[PDB]
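Just one chain follows, in the form solved without the DNA, and it is written as structure tokens.
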């Protein structure tokens, strides 16, 4: 089957779901309709690796995840999500840049639609893609969550203070 675990976070309760140690879902699920969850098993100790990295991430002590994923969705979606995974912590891309990278120049709007279906938030960093006008998107408080994640990554202090001496 599929089990799940919900943890606290500065952007609200994050639900992690998947089989065994493999993540299939990561979403701030509250005040949204999510029918699959009814057929999920609660497991308060699942994905302990992932949960540690997420806590480390929010504390500014992590910038790269080592978490096994299983992304399910259409071919075009897989191409988009794979490309999201190449966007480093603290950087952003435009939808037009992602469309070029996946081999579909001009598909900025398709990238935006596919981006909104990302099953694994934060770790697959859909929040790092923004249109030219600079406007964040996402219903259900989604804009505010993205913005939080963005401000968090922009606040990154230099790693080695000894480089200043």
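Positions refer to the first chain, counted from 1.
Another form exists, solved in complex with the DNA; not displayed. Remarks below refer to it.
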**OP:** May I ask you to state whether residue 107 is within 4.5 Å of the DNA in the bound PDB entry, using heavy atom distances?
**Re:** yes
Original post:
Using 4.5 Å between non-hydrogen atoms, is residue 56 touching the DNA in the bound PDB entry?
Top reply: no
Original post:
With the cut-off set at 4.5 Å between non-hydrogen atoms, does residue 86 touch the DNA in the bound PDB entry?
Top reply: no
**OP:** Flag residue 145 as yes or no: does it have a non-hydrogen atom within 4.5 angstroms of any non-hydrogen atom of the DNA in the bound PDB entry?
**Re:** no
Original post:
Within 4.5 Å of the DNA in the bound PDB entry, do 95, 116 and 131 each have at least one heavy atom?
Top reply: yes
Original post:
Which residues, if any, of 56-80 lie within 4.5 Å of the DNA in the bound PDB entry when only heavy atoms count?
Top reply: 74, 76, 77
